[PDB]
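Shown next, in structure tokens, is the structure this report addresses.
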Amino acid sequence: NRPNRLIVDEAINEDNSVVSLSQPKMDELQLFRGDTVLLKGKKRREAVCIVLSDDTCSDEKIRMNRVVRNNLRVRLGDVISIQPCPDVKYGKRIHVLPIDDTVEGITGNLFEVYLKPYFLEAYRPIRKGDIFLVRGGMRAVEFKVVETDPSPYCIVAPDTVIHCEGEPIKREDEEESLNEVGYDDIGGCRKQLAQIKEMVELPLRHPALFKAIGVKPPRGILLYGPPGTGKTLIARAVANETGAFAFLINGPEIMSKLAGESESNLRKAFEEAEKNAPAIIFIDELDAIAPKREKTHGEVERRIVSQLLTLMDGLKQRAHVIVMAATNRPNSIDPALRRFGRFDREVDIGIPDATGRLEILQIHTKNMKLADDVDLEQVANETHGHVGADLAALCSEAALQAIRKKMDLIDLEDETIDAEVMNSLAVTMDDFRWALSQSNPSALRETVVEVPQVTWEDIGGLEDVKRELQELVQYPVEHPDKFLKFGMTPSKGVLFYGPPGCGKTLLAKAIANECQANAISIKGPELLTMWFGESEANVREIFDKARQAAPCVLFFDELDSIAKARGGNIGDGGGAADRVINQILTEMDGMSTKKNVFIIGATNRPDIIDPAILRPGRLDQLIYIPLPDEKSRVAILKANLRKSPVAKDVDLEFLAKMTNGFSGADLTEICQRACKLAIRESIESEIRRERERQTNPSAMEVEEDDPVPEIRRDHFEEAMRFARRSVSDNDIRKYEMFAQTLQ
Amino acid sequence: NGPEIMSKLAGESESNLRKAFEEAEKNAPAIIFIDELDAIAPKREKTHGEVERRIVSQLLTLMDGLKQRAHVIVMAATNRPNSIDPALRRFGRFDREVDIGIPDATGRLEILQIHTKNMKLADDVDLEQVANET
């Protein structure tokens, strides 16, 4: 609705000093011809200069020299706030000096060769930060701000004095790029970024607006996350978006200095941050300054932790200063800092999922010059365990392997052709596959949180189980009003039991998929690790994480692992009590339903699970997953072969008909054996025909007809000739007895 | 040389390590070699003192101040991977590793050849059989 809130679009006058008009808009403005109009955009950098060299284009979209997009803006679709501010002072003059592309060739004076013919009767109505193109030649070189005799911008005049003593610097441009970093650059963490924005942007942009109510803003934020996730870029991007100041503190850099000099820098940091407008301080590798004091032994260490604490306690809320710190884990710093008034809010970065890795590949892949076969999606999905720095390494590896393996006899010779052939250079899928072959992910042991994609199209039947699940997990998160009306207490668990590998792990994920909620899976080997290692404190981390990421269906399978470890039902002299079970019970009893975190269990031998966990306030529910009946195996098969070709001579319904009861993994084994037979047959036929072509000197005999680009029935009949019923009827009867009489 | 750096005084230890990188930066593409890194940056659980961490911090900060525009690369020699502070095994720091290993029968033949040049051997000397039983 703001009248001067209008889009900006393409421009044709290669001189940036021109700014457009829109006569219907000029009638709205007081836009006068002369020196300058203040056209305001983002990050406070503007493109202020002479005006009215436009009205060639349509209205509602101001024509602004494209070079004022990289500056003052980012892309199209933006909006300008054009408001005149002509008649600026006439100081001495504005800086003259190039930046990047002038040392390449004759330099002379850098003013009187190429740039002099442009400050003619248009004597630079400018604003420091306006960047453009000006030359007396190839017509592509920048003109940047270096000096400032008058603080505000002016209109130059002759007879002045200029010093091109300055040098063009290529490296400083990289520093400018760091300033340039913005939301789109950083990727792979969207939900986490939204919280940081809603936390820090609103207090910053309008301080008095948030102060009027007077509620407390945050003082400090602590970021978790393994290395390489990208945390410096987040802080720099936030600072760039809020147009505020910044200050970086490196822990190792502070530690290196002398004992006396260590405190001076840390005091100066806060002093300088306090001397400016709303600012943000960033501390990287906090563990190097304030680690768990049981490890540290000395005098300087505590004498610096105390200084950090006292400085953190002297803000007073009237300075509009916020601080963020980077640390690997929460249990790695002195708990003194994790207190109210000190660091009190935490945000976890995590590990990018399949969606985020695609964004990271996109941001990195910009000079790749890819081919049609490059399927970035397939590349991203098969990238388990990588982080924000492994992907860059993979891209570099693929690119350099292409460079070498292709120009194995070109790049070795010195000649400009190298650059030329770099234009001819491209990249193929095989390069990415090879790079993925020699890639060691830096994070494969960490707990995984994400939304599994498995849907009930992956498992056919279990209708009543579907209904019970949707009752237990779906309905509560939609209509709490019904619980309020009838005064109801949600149930917080459910237990499974039945034969082995009948899809239990394939159901929990399913409900998560229908709930769009994350999921976490834990298996018996972990439980054994905590038993033998006698470290059950880690059980508190899992729950803690489940609390940060909610909702989650925390799944425990092979619950009977520790039970069977000390024998079966008879077991040892003891009963059915252990340590990890006690910690599980404690954490369940100390959890609130109002965070919507669900817990699921699984086991094959339910008779050897402690009954101490089936009382109210706990699972208090038992569900039995049966052997698949008719046409459930049909859906299982369709899921199995949906990634492999299949002919029509084979009918999955026939395969289902032949079997009279089987487990879940056995059908997968049958399909895999059929696939193995197909692969062996194809390879053998191909090699035999290749030998026929070799021994026979038929220099030209073209024949490309794969005898088996698919699968036939023969494979499945051969598979049927060797198959096992993985479960006996005695187990079925035992489960029947376990059903007891449920009167 | 790590032991050479540790021998000097506490104050003088850092000057040499700074001068090394300064000189490496003053030349064309150069390579820095550090031998027996364990003597300067061992697992901090073993080390107890002030100079040790005050030198590890200097090493880290110097390794973090290259900027990619100097064409300087560094190689370090260490017995085992789990023998140094994990701080150095991070991105931007030492990030690539190569294992030398124990030469096999083929390699020992090459070593024998490189050493055996003034031997003045006889006919019966069958270097192959010597190499295999080594």
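In the order they appear, the protein sequences are chains A and B. Adding 6 to a residue's 1-based position in the first sequence gives its number in my numbering. Adding 1126 to a residue's 1-based position in the second sequence gives its number in my numbering. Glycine included, C-beta positions come from ideal geometry on N, C-alpha and C.
Residue i (DSSP reduced to helix, strand or coil)
{"i": "residue 413 of chain A", "result": "coil"}
{"i": "residue 290 of chain A", "result": "strand"}
{"i": "residue 80 of chain A", "result": "coil"}
{"i": "residue 444 of chain A", "result": "coil"}
{"i": "residue 148 of chain A", "result": "strand"}
{"i": "residue 357 of chain A", "result": "coil"}
{"i": "residue 260 of chain A", "result": "helix"}
{"i": "residue 502 of chain A", "result": "strand"}
{"i": "residue 63 of chain A", "result": "coil"}
{"i": "residue 524 of chain A", "result": "strand"}
{"i": "residue 331 of chain A", "result": "strand"}
{"i": "residue 204 of chain A", "result": "helix"}
{"i": "residue 89 of chain A", "result": "strand"}
{"i": "residue 689 of chain A", "result": "helix"}
{"i": "residue 619 of chain A", "result": "helix"}
{"i": "residue 15 of chain A", "result": "strand"}
{"i": "residue 226 of chain A", "result": "strand"}
{"i": "residue 1156 of chain B", "result": "strand"}
{"i": "residue 96 of chain A", "result": "coil"}
{"i": "residue 401 of chain A", "result": "helix"}
{"i": "residue 278 of chain A", "result": "helix"}
{"i": "residue 211 of chain A", "result": "helix"}
Whole-angstrom C-beta distance between residue j and residue i, which should lie under 8 Å
{"i": "residue 288 of chain A", "j": "residue 255 of chain A", "result": "7 Å"}
{"i": "residue 265 of chain A", "j": "residue 311 of chain A", "result": "With a Cβ gap of about 14 Å, residue 265 of chain A and residue 311 of chain A do not count as contacting."}
{"i": "residue 42 of chain A", "j": "residue 9 of chain A", "result": "That belief does not hold up - the Cβ atoms of residue 42 of chain A and residue 9 of chain A are roughly 20 Å apart, past 8 Å."}
{"i": "residue 670 of chain A", "j": "residue 509 of chain A", "result": "5 Å"}
{"i": "residue 599 of chain A", "j": "residue 486 of chain A", "result": "Wrong, their Cβ atoms sit about 10 Å apart, outside the cutoff."}
{"i": "residue 566 of chain A", "j": "residue 611 of chain A", "result": "5 Å"}
{"i": "residue 130 of chain A", "j": "residue 88 of chain A", "result": "Between residue 88 of chain A and residue 130 of chain A the Cβ distance is about 19 Å, and since that is not below 8 Å, they are no contact."}
{"i": "residue 461 of chain A", "j": "residue 524 of chain A", "result": "Not quite, the Cβ-Cβ distance comes to about 16 Å (not below 8 Å), so this is no contact."}
{"i": "residue 205 of chain A", "j": "residue 233 of chain A", "result": "Actually they are not in contact, since the Cβ atoms of residue 205 of chain A and residue 233 of chain A sit about 24 Å apart, beyond 8 Å."}
{"i": "residue 161 of chain A", "j": "residue 94 of chain A", "result": "6 Å"}
{"i": "residue 366 of chain A", "j": "residue 231 of chain A", "result": "Contact flag wrong, Cβ pair sits at about 15 Å."}
Assigned exposure category for residue i - 16 Cβ within 10 Å defines buried
{"i": "residue 347 of chain A", "result": "exposed"}
{"i": "residue 609 of chain A", "result": "buried"}
{"i": "residue 330 of chain A", "result": "buried"}
{"i": "residue 654 of chain A", "result": "exposed"}
{"i": "residue 143 of chain A", "result": "exposed"}
{"i": "residue 163 of chain A", "result": "exposed"}
{"i": "residue 28 of chain A", "result": "buried"}
{"i": "residue 481 of chain A", "result": "exposed"}
{"i": "residue 703 of chain A", "result": "exposed"}
{"i": "residue 237 of chain A", "result": "buried"}
{"i": "residue 713 of chain A", "result": "exposed"}
{"i": "residue 285 of chain A", "result": "buried"}
{"i": "residue 405 of chain A", "result": "buried"}
{"i": "residue 77 of chain A", "result": "buried"}
{"i": "residue 257 of chain A", "result": "buried"}
{"i": "residue 71 of chain A", "result": "buried"}
{"i": "residue 200 of chain A", "result": "exposed"}
{"i": "residue 660 of chain A", "result": "exposed"}
{"i": "residue 516 of chain A", "result": "buried"}
{"i": "residue 380 of chain A", "result": "buried"}
{"i": "residue 333 of chain A", "result": "buried"}
{"i": "residue 478 of chain A", "result": "buried"}
{"i": "residue 666 of chain A", "result": "exposed"}
Beta-carbon neighbours of residue i, restricted to chain B and to distances below 7 Å
{"i": "residue 692 of chain A", "result": "Within chain B, no residue comes near residue 692 of chain A; the closest Cβ sits about 35 Å away, beyond 7 Å."}
Closer than 7 Å at the beta carbon, the chain A residues around residue i
{"i": "residue 1217 of chain B", "result": "233, 234, 395"}
Where residue i meets chain B, residues with beta-carbon distance less than 8 Å
{"i": "residue 177 of chain A", "result": "1193, 1195"}
Which residues, in chain order, does the stretch 379–397 of chain A contribute to contact with chain B at a C-beta distance below 7 Å?
-> Result list: 395.
If contact means a Cβ-Cβ distance below 7 Å, which residues of the stretch 257–282 of chain A contact chain B?
-> Of all residues in the stretch 257–282 of chain A, only 258, 259, 261, 262 place a beta-carbon less than 7 Å from a beta-carbon of chain B.
Where the stretch 299–327 of chain A meets chain B: residues whose CB sits under 8 Å from a CB there = Listed by position along the chain: 303, 304, 306.
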